[PDB]
Structures are given as structure tokens and as C-alpha cells.
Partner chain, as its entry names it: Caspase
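The chain below stands alone, shown as C-alpha cells; this is the form solved without the partner chain.
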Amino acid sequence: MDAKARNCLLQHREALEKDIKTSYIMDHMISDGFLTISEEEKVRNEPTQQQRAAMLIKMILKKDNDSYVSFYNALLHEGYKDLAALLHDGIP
């Protein structure tokens, strides 16, 4: 993704990992076509909620602009309003 978007995600990574549940967010991204079942399974293999969130974000940082926007939308749809707001800045 564009460095601006990547940097925005890196900036708010800690906040995201501390709050988000990955299960439903990933369902949305898979539905959108920006996360594979292979990736979902790897995320799921992480022991804790935060470790799963860390792994998911680690994968997203290497994806494209559309993936960033998909992540943003997933956050909104799951009610993480403030967290999505933090990333709004990086939307290309």
C-alpha cells in the first residue's frame, strides 16, 4: 500500500492490537477478497487476542491500498468507530 497508509497503520498499531477482536473483522476481509483463509488460519493459530491482532496487522501492512480500505471498513462495521477514525487519515 502507499507509504502514507502504511505509516498511518504503523502509528496506530498499538491502539488497534489492544482493542480489536480479529474473528469478525477477518470474515469481512475474506468476503471482500483481501484476506485468504490461509492467512486467517495463521492468525487464528496465535494464542491470545492481542497476538492474533498483531499477526493480522503484520499481514495487512504488506497488502495494497484496497486491503487497507477493506480493513478500515471492517473496523467500522464491527463498531470500532474511534479506531477506524484513526486510520481515516491514511485512506488514499
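Positions refer to the first chain, counted from 1.
Below, we refer to the form deposited with the partner chain bound, which is not included among the displayed structures.
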*Is residue 61 close to the partner chain in the deposited complex, meaning a heavy atom pair under 4.5 Å apart or at it?*
no
*Although the partner chain is absent from this view, report whether residue 23 comes within 4.5 Å of it in the deposited complex, heavy atoms only.*
yes
*Hey, in the deposited complex, does residue 65 get a heavy atom within 4.5 angstroms of the partner chain?*
no
*Note that the partner chain is not shown here; using its position in the deposited complex, name the residues of 44 to 73 with a heavy atom within 4.5 Å of it, in sequence order.*
44, 46, 50, 51, 55, 58
